[PDB]
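Chains as they are written, first to last, in the deposited numbering: chain A, 329 to 523; chain L, 2 to 24, 32 to 49, 63 to 109; chain H, 2 to 131.
In structure tokens form, the structure reads like this:
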């Protein structure tokens with residue numbers, strides 16, 4: 329084993345991207361050792377769909393996709409196939425047949441500056457519901473009424489709102505970092521396996 | 002967690018008057041005249070810990086109304102006692 | 002934008018009524034809706050709240066689970082069924098939309114929204130008496 333999959337960057341990045349513009353990293357052509365994942369952070373909401381976690385070292389996939397972002401405590405449960413809300417509807421939606429794992433852990437220490445960590449935004453309004461595995465980084469003013477908007481107004485709203493993360497909040501409002509691993513095997517031989 | 006407001010505040014026309022609301033990041037202010045539904049809110066808002074404040078500059082005759090502070094957080098909203106402003 | 006309340010009137014205690022809130026001029030599938038009552042001679046008081054999809058319904062403790070508030074995307078309106086009416090329940094009811102149109106203080110640059118009840122309907126009167 330000489331080429332370990334670079335999980336040292338996904339679970340230990342200096343800062344994570346906003347949920348509406350969640351970051352996607354591709355992991356391939358490497359040996360995947362998930363046993364070290366528990367050493368990265370005290371995982372709170374580890375959950376795998378379509379695959380038993382204890383057998384993660386005994387499977388192979390063509391490519392792995394890590395989608396990393398930051399949400400609130402209440403919105404962690406929205407990261408699941410067939411779920412609805414704000415994050416699952418207008419920010420980041422998983423397919424109904426999703427296969428992979430979800431790892432969510434608290435980051436109250438790194439994403440709470442006591443004055444409002446307003447660098448993490450989420451999409452509040454959208455014309456339609458987000459398609460699975462789609463990013464909508466568009467920043468056009470949202471129209472709620474019938475009049476033209478061409479900018480902010482009484483019924484013309486900015487689609488993105490900034491989280492007000494602070495360390496004084498409860499566990500339900502403290503920021504949580506989420507990494508969703510999706511496993512894919514289309515045609516190519518699996519370049520990702522276990523030890 | 003009902004909010005606290007002064008019973009009534011009075012001031013001279015054209016004078017800046019401050020109304021306090023003591024109880032938390034989302035706070036809204038509404039104005040209501042008799043016979044009409046309340047309306048969302063020369064008016065300057067500020068927040069400090071568990072206290073919010075609304076200052077009115079350039080008081081006029083038409084500004085006689087009742088002002089309410091609310092805290093819409095999570096999914097439960099709580100209204101204050103209502104401050105009936107008096108214009109001299 | 003326009004909100005119109007209807008379905009109020011006079012009722013004996015212990016009855017069941019239905020209040021209807023018709024919305025126009027804005028998209029109904031994006032704004033959470035709240036019902037707030039005001040007794041004559043008193044201030045406002047929250048009654049009920051529902052999100053856009055209606056899957057999260059919340060009520061004040063003073064009404065327990067006696068009232069049932071719902072919304073449907075078909076007719077684009079809100080409805081509130083009233084059960085076990087009491088003497089202290091007679092009030093004028095308004096339905097409002099929780100819209101982030103409110104921008105409080107200089108935090109506009111920081112892009113922080115204060116979700117308030119920007120549009121209030123004319124409300125309907127429910128008088129619980131013999």
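By construction, the Cβ of each residue, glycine as well, lies at the ideal position given by its N, Cα and C atoms.
Requested in this report: Mark residue 487 of chain A as exposed unless 16 or more other C-beta atoms lie within 10 angstroms of its C-beta, in which case mark it buried.
Outcome: Classification of residue 487 of chain A: buried, given that the 10 Å Cβ count is 16 or more.
- When you compare only the Cα positions, how much space is there between residue 16 of chain L and residue 80 of chain L? Roughly 6 angstroms separates the two Cα atoms.
Tell me residue 355 of chain A's beta-bridge partners as DSSP assigns them. Beta-bridge annotation (DSSP): residue 355 of chain A is paired with A:392.
**Asked** By Cβ distance, which residues of its chain are closer than 8 angstroms to residue 71 of chain L, with the 5 residues on each side in sequence left out?
**Response** Hits under 8 angstroms: 23, 24 and 32.
*asked:* Does chain L have any CB closer than 8 angstroms to the CB of residue 118 of chain H?
replied: Nearest CB-CB separation between residue 118 of chain H and chain L: below the 8 angstroms threshold.
- Message: Quick check on the DSSP output: the beta strand (DSSP E) that includes residue 511 of chain A runs from which residue to which?
- Response: Bounds of the beta strand (DSSP E) holding residue 511 of chain A are 504-512.
task = Count the other C-beta atoms from every protein chain shown that fall within 10 angstroms of the C-beta of residue 403 of chain A, then say buried if there are 16 or more, exposed otherwise.
result = Burial call: buried.
In chain A, what lies closer than 7 angstroms to residue 33 of chain L by C-beta? Residues of chain A whose Cβ lies closer than 7 angstroms to the Cβ of residue 33 of chain L are, in chain order, 492.
* To do: Closer than 6 angstroms by C-beta to residue 416 of chain A: which residues in its own chain qualify, once you throw out the five before and the five after it? Chain order, please.
  => Excluding residues up to 5 positions away in sequence, 406 lie with their Cβ nearer than 6 angstroms to the Cβ of residue 416 of chain A in the same chain.
Near residue 87 of chain H, what residues of its chain come up, given a Cβ to Cβ distance below 7 angstroms and the 5 sequence neighbours on each side ignored?
-> Taking residue 87 of chain H as the centre and dropping the five residues before and after it, the same chain places the C-beta of 14 and 129 closer than 7 angstroms to its C-beta, in chain order.
Range covered by the alpha helix (DSSP H) that runs through residue 337 of chain A
Taken as a continuous stretch (DSSP letters only), the alpha helix (DSSP H) holding residue 337 of chain A covers 335-338.
**Asked** Where does residue 107 of chain H land, buried or exposed, given buried means 16+ other C-beta within 10 angstroms?
**Response** Exposed.
Within its chain, find whatever has a CB closer than 6 angstroms to the CB of residue 101 of chain H; leave out the 5 residues flanking it on each side and keep chain order.
Same-chain partners within the cutoff: 114 and 116.
Subject >> Identity of the residue in L:64, L:36 and L:11 nearest residue 92 of chain L by Cα >> reply: The residue with the shortest Cα to Cα distance from residue 92 of chain L is L:36.
Query - 8 angstroms contact criterion, which residue 19 of chain H and residue 80 of chain H should meet: CB distance rounded - result: Confirmed, Cβ separation roughly 6 angstroms.
Exercise for the section: Please name the residues in the segment 440-465 of chain A whose beta-carbon is closer than 8 angstroms to at least one beta-carbon of chain H, in chain order. Expected result: With the criterion set as a beta carbon lying under 8 angstroms from some beta carbon of chain H, the members of the segment 440-465 of chain A are 444, 446, 449, 452 and 453, in sequence order.
Please list, in chain order, all residues of the same chain as residue 49 of chain H whose beta carbon is under 8 angstroms from its beta carbon, the five residues on each side excluded.
Answer for residue 49 of chain H: 35, 36, 58, 59, 60, 61, 64, 68, 70 and 81, listed in chain order.
Next on the checklist: What does the alpha-carbon distance come out to for the pair residue 359 of chain A and residue 521 of chain A?
Outcome noted: Straight across, the Cα-Cα distance linking residue 359 of chain A with residue 521 of chain A is about 5 angstroms.
How many Å lie between residue 489 of chain A and residue 348 of chain A at the Cα? Approximately 10 angstroms between the Cα atoms of the pair.
Going by beta carbon distance, what residues of the same chain come within less than 6 angstroms of residue 40 of chain H, once the five residues before and after it are set aside?
If you ignore the 5 residues before and after residue 40 of chain H, its C-beta comes within less than 6 angstroms of the C-beta of 92, all in its own chain and listed in chain order.
- Message: Can you check whether the C-beta of residue 67 of chain L is within less than 8 angstroms of a C-beta belonging to chain H?
- Response: Yes, because at least one Cβ of chain H sits closer than 8 angstroms to the Cβ of residue 67 of chain L.
**Item:** Proximity of residue 42 of chain H and residue 102 of chain L at Cβ, strictly below 8 angstroms
**Value:** Contact: no.
Go ahead and pull the three-state DSSP assignment for residue 368 of chain A. Three-state result, residue 368 of chain A: helix.
Item to complete: Measure the alpha-carbon distance for residue 516 of chain A versus residue 390 of chain A and round it to whole angstroms.
Response: Per the coordinates, the alpha-carbon of residue 516 of chain A lies some 6 angstroms from the alpha-carbon of residue 390 of chain A.
If I follow the unbroken beta strand (DSSP E) through residue 459 of chain A, where does it start and stop? Unbroken run through residue 459 of chain A: none, as it is neither H nor E.
*Tell me, please, whether the CB atom of residue 124 of chain H is closer than 8 angstroms to any CB atom in chain L?*
Any Cβ of chain L closer than 8 angstroms to the Cβ of residue 124 of chain H would place that residue at the interface, and such an atom is present.
Would you mind giving the Cβ-Cβ distance between residue 346 of chain A and residue 397 of chain A, rounded to the nearest angstrom? I have them listed as a contact below 8 angstroms. Between residue 397 of chain A and residue 346 of chain A the Cβ distance is about 7 angstroms, and since that is below 8 angstroms, they are a contact.
- Query: Do three or more CB pairs link the segment 468-487 of chain A to the segment 422-441 of chain A at distances below 8 angstroms?
  - Reply: Contact fails between the segment 468-487 of chain A and the segment 422-441 of chain A, because fewer than three Cβ pairs, one in each stretch, are under 8 angstroms apart.
Chain A contact residues for residue 101 of chain H, given Cβ-Cβ distances below 9 angstroms:
In chain order: 452, 453, 485, 486 and 489.
Point to revise | For residue 77 of chain L, the nearest candidate out of L:13, L:43 and L:69 (CA to CA) | key: Closest option to residue 77 of chain L, Cα to Cα, is L:13.
Using a C-beta cutoff of 8 angstroms, does residue 81 of chain H count as contacting chain L?
Among the residues facing chain L, residue 81 of chain H is not included, as its CB has no counterpart in that chain under 8 angstroms away.
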